[PDB]
Structure formats: structure tokens, C-alpha cells
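Numbering (the authors' numbering), first residue to last: 1 to 162.
Even for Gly, the Cβ is constructed at its ideal location relative to N, Cα and C.
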């Protein structure tokens with residue numbers, strides 16, 4: 001078959017976030033398209049099943065998200081199809097989503113975080129705890145030290161490298 005999905009270098013984390021920021025606002029009928037009042041957020045972590053892992057949280061939902069790993073040529077899938085993935089959490093079907101700025105990706109709903117104790121901190125904590133949960137293995141909590149440093153001693157390997 002000629003139709004394919006190219007592997008992702010890393011997760012489209014920003015595009016999943018911005019799309020879900022809008023989808024969380026979009027609300028039809030007399031409810032009106034009121035703003036989310038809780039910033040949607042997305043964790044990115046690990047190369048599980050050979051594919052980049054992540055979770056999204058919004059006021060309306062929490063869902064695991066997965067993107068084909070680097071230098072891969074997956075076949076083109078149809079949307080809303082299910083793909084069985086193996087996790088220590090249990091073998092679980094991830095549904096093929098197709099989303100603007102994200103293209104095809106593999107996702108499943110985990111819960112609706114409609115608790116009255118909910119806050120942006122519980123949002124981010126629960127995206128990371130959701131990552132932990134479905135990996136069933138420890139993972140970097142994304143509140144580490146500032147990792148940026150100044151660049152110095154500029155150069156390139158040259159010789160055998162042209």
C-alpha cells in the first residue's frame with residue numbers, strides 16, 4: 001500500500017494542547033462556547049511500544065495520547081479504528097484520532113476530571129500520575145531544575161566527518 005504516516009521526531013505536544021484548548025471552549029446549544037476556566041495541559045514522556053507517549057488533561061477529560069516514533073513508516077489508518085497496544089497496565093486499545101496540526105495519532109480516554117477539588121495543579125499532577133499509571137513504571141515528573149545553560153567552546157567534529 002502507498003499510503004503511510006511518517007514517524008514523529010517528538011510529540012506534537014503544543015498542537016495537542018492548543019487544539020484541546022479550543023475543543024474545551026467549543027460547546028454548542030444554550031450552554032454557549034464559554035472559556036475553559038482551567039488551562040488544558042499535555043505531558044510528554046517515554047518511547048512506549050516504540051512510540052512517543054503523552055497524556056492530555058482538560059477540565060472536560062483526561063486522555064492518554066501516543067505518536068509513532070522516530071524514522072518509522074506506519075501504514076495509513078482510517079480514523080476511529082482501534083489498535084491494540086500492550087502495556088503492563090494491561091493490553092488496551094488506543095483509537096486512531098486525526099486532529100489539526102497533529103495528523104493521525106493513537107489515544108484513549110482515561111477519565112473526566114469533574115471533581116470539585118480540581119485545580120490546575122491537580123491537572124498537571126494527574127497528567128503525570130496518568131503517565132505513571134499507564135507505564136506502570138517511574139517517569140520524570142516535569143518540575144525538575146532549569147536545564148538550560150550558556151553555549152561555549154563552539155566547534156564541529158572534522159576529519160573523517162566531511
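Burial state of residue 148 is exposed, judged by a 10 Å Cβ sphere holding fewer than 16 other Cβ atoms. In this chain, the alpha helix (DSSP H) harbouring residue 121 covers 120 to 135. For residue 94, the enclosing beta strand (DSSP E) starts and ends at 92 to 99. At the C-beta level, residue 86 and residue 49 come within 8 Å of one another. For residue 91, the number of other beta carbons within 10 angstroms of its own is below 16, and it is reported as exposed. In the three-state scheme derived from DSSP, where H, G and I count as helix and E and B as strand, residue 17 is classed as helix. Bounds of any beta strand (DSSP E) do not take in residue 34, whose DSSP letter is neither H nor E.
Exposure of residue 101 is indicated by the presence of fewer than 16 other C-beta atoms within 10 angstroms of its C-beta. A contact is defined here as three or more CB-CB pairs under 8 Å, and the stretch 50 to 59 meets this definition with respect to the stretch 127 to 134.
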